[PDB]
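So the structure is just underneath, and the comments pick up after that.
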Amino acid sequence: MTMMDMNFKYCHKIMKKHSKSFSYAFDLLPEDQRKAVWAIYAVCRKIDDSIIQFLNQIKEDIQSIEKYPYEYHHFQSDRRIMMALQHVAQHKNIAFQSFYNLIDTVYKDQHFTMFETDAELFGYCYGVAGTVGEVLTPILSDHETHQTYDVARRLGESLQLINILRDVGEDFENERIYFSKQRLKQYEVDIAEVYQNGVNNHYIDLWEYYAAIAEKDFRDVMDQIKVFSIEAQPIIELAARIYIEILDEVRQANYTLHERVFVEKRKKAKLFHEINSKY
């Protein structure tokens, strides 16, 4: 194990720790591509969880890599992750503005205010996840075009909406509600009231309104999976399918606001079999 291998192993650890779903799928990529995915995911994870001193440090470190990718930097944030990101930047095109969009989104989230409309909720999904899809685009495709970015960005936003749909309860405990005030009012849903008394038809209809949006986006992405490299296609399909299975798991747990549902490992393997066969 070289030092750089140690840096990537650490990125891998962070990714496996936080997303068993994405690590399950992306770890199937060829060595060079999975290593780059671990690094991008690790950087985004650190940014997502930073809260502002460390966040400012991460931004300056990324800015250093962007400006001087081949100079040695004494990184201020997490050296292992930045050394790995820099290694990737030296071999692949990195959409740096997408990392800055993510950082800007996480900063704003300090003075969190509920979203007035679905447009702001979707803007948020772009900021924390559509951005990661854009950064991953060059790793997952041979000849990136605007269409490749568009599909990756859409998948990322769809996965963030599935995430929000799985975590309503836990997010409410953490004083956060992601459904828009417009939609909550239209459907006559009060999250605190539902957290207290259980799901009702108003809440279920609202949750299903967002789930249909995520599912539709998921289908449009699967329809355009060929923008990605032949090796990455089944892997992206697997990651997306495993994640969207969370929606059925939420349904099977009666939309509970009191536990985090999950797709068990044996079910992820079943999806891998089905896709691996199709391919």
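Convention: chains lettered A, B, ... in structure tokens order; per-chain residue numbering from 1; ligands numbered from 1 as shown.
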
So which residues touch residue A:257 within 7 Å, counting only C-alpha atoms, skipping near sequence neighbours fewer than 4 positions away, as a ChimeraX atom specification?
/A:168-169,195

Would you kindly return, as a PyMOL selection string, each protein, DNA or RNA residue with an atom no farther than 10 Å from any atom of residue A:66, considering only C-alpha atoms and excluding same-chain residues fewer than 3 positions away?
chain A and resi 60-63+69-70+86+89-90+94-97

Which residues are near stretch 1-16 of chain A? Cut-off 8 Å, only C-alpha atoms, ignore same chain within fewer than 5 positions. Put them as number ranges by chain.
A: 22-24, 35, 38-39, 41-42, 45, 80-81, 83-84

Taking 2 positions as the minimum chain separation for residues in the same chain, which residues sit within 12 Å of residue A:171 when counting only C-alpha atoms? Answer as a CSV table (one decimal) with N, CA and C atoms, in the first residue's frame.
```csv
chain,number,residue,atom,x,y,z
A,163,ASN,N,-33.9,10.3,-1.1
A,163,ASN,CA,-33.4,10.5,0.2
A,163,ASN,C,-34.3,11.3,1.1
A,164,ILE,N,-34.8,12.4,0.6
A,164,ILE,CA,-35.7,13.3,1.4
A,164,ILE,C,-36.9,12.5,1.8
A,165,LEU,N,-37.4,11.7,0.8
A,165,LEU,CA,-38.6,10.9,1.1
A,165,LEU,C,-38.4,9.8,2.1
A,166,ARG,N,-37.2,9.3,2.2
A,166,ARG,CA,-36.9,8.3,3.3
A,166,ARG,C,-36.7,9.0,4.6
A,167,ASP,N,-36.3,10.2,4.7
A,167,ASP,CA,-35.9,10.8,5.9
A,167,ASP,C,-36.8,11.9,6.5
A,168,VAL,N,-38.0,11.9,6.2
A,168,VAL,CA,-38.9,13.0,6.7
A,168,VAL,C,-38.9,13.0,8.2
A,169,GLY,N,-39.0,11.9,8.8
A,169,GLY,CA,-39.1,11.8,10.3
A,169,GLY,C,-37.8,12.3,11.0
A,173,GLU,N,-37.1,15.8,13.3
A,173,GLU,CA,-36.4,15.8,14.6
A,173,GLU,C,-35.3,16.8,14.6
A,174,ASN,N,-34.6,17.0,13.4
A,174,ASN,CA,-33.5,17.9,13.3
A,174,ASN,C,-33.9,19.3,12.8
A,175,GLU,N,-35.2,19.6,13.1
A,175,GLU,CA,-35.7,20.9,12.8
A,175,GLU,C,-35.7,21.3,11.4
A,176,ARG,N,-35.8,20.3,10.5
A,176,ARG,CA,-35.8,20.6,9.1
A,176,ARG,C,-37.0,19.9,8.3
A,177,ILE,N,-37.6,20.6,7.4
A,177,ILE,CA,-38.7,20.0,6.6
A,177,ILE,C,-38.4,20.5,5.2
A,178,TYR,N,-38.3,19.5,4.3
A,178,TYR,CA,-37.9,19.8,2.9
A,178,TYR,C,-39.1,19.9,1.9
A,179,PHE,N,-40.3,19.3,2.3
A,179,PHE,CA,-41.4,19.5,1.4
A,179,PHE,C,-41.7,21.0,1.4
A,191,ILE,N,-46.3,18.5,9.1
A,191,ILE,CA,-45.4,17.5,9.5
A,191,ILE,C,-45.3,17.2,11.0
A,192,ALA,N,-45.3,18.2,11.8
A,192,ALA,CA,-45.3,18.0,13.2
A,192,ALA,C,-46.5,17.2,13.7
A,195,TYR,N,-45.9,13.7,12.6
A,195,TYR,CA,-44.9,13.0,13.3
A,195,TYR,C,-45.5,12.5,14.7
A,257,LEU,N,-42.5,7.8,10.2
A,257,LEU,CA,-41.7,8.9,10.4
A,257,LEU,C,-40.8,8.6,11.6
A,258,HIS,N,-40.8,7.4,12.0
A,258,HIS,CA,-40.0,7.0,13.2
A,258,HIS,C,-38.8,6.1,13.1
A,259,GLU,N,-38.5,5.6,11.8
A,259,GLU,CA,-37.4,4.8,11.6
A,259,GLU,C,-36.8,5.1,10.2
A,260,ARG,N,-35.6,4.7,10.0
A,260,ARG,CA,-35.0,4.9,8.7
A,260,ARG,C,-35.1,3.5,8.0
```

Quick one: pull the distance between atom CA of residue A:213 and atom CA of residue A:125, Å, one decimal.
12.6 Å

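For stretch 241-243 of chain A, the list of residues within 7 Å, based on only C-alpha atoms and with local chain neighbours fewer than 3 positions off taken out, reads residues 21, 159, 237, 238, 246, 268 and 271 of chain A.
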
Please provide as number ranges by chain all residues within 12 Å of residue A:108, with the sequence filter that same-chain residues fewer than 6 positions apart are discarded (counting only C-alpha atoms).
A: 48, 51-52, 101-102, 114, 124, 127-128

Take the residues that were just selected and, keeping N, CA and C atoms, output them as a compact mmCIF listing (two decimals), in the first residue's frame.
```txt
# COMPACT_ATOMS: atom_id res chain seq x y z
N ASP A 48 -20.78 18.15 2.93
CA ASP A 48 -22.17 18.04 3.39
C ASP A 48 -22.24 18.09 4.91
N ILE A 51 -20.69 21.71 8.71
CA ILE A 51 -21.24 22.63 9.70
C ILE A 51 -21.53 22.07 11.11
N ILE A 52 -18.30 27.57 10.35
CA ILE A 52 -18.04 27.38 8.93
C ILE A 52 -16.55 27.27 8.63
N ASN A 101 -20.76 25.14 -6.21
CA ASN A 101 -22.22 25.27 -6.11
C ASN A 101 -22.70 24.47 -4.91
N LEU A 102 -22.09 23.31 -4.69
CA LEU A 102 -22.44 22.48 -3.54
C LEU A 102 -22.06 23.19 -2.24
N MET A 114 -37.66 27.16 5.41
CA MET A 114 -38.39 26.19 4.61
C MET A 114 -38.52 26.69 3.21
N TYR A 124 -32.54 23.10 -4.46
CA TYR A 124 -31.75 22.50 -3.40
C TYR A 124 -31.25 21.11 -3.83
N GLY A 127 -28.39 21.69 -5.99
CA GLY A 127 -27.23 22.10 -5.22
C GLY A 127 -26.48 21.00 -4.47
N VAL A 128 -27.21 20.08 -3.83
CA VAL A 128 -26.50 19.06 -3.06
C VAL A 128 -26.28 17.72 -3.73
```

Using the chain letters and numbers from this document, which residues of stretch 48-94 of chain A does DSSP assign to alpha helix (DSSP H), as a PyMOL selection string?
chain A and resi 48-49+53-67+79-89

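Between residue A:44 and the residues A:26, A:228, A:99, A:68, the shortest atom-to-atom distance, using only C-alpha atoms, involves A:99.
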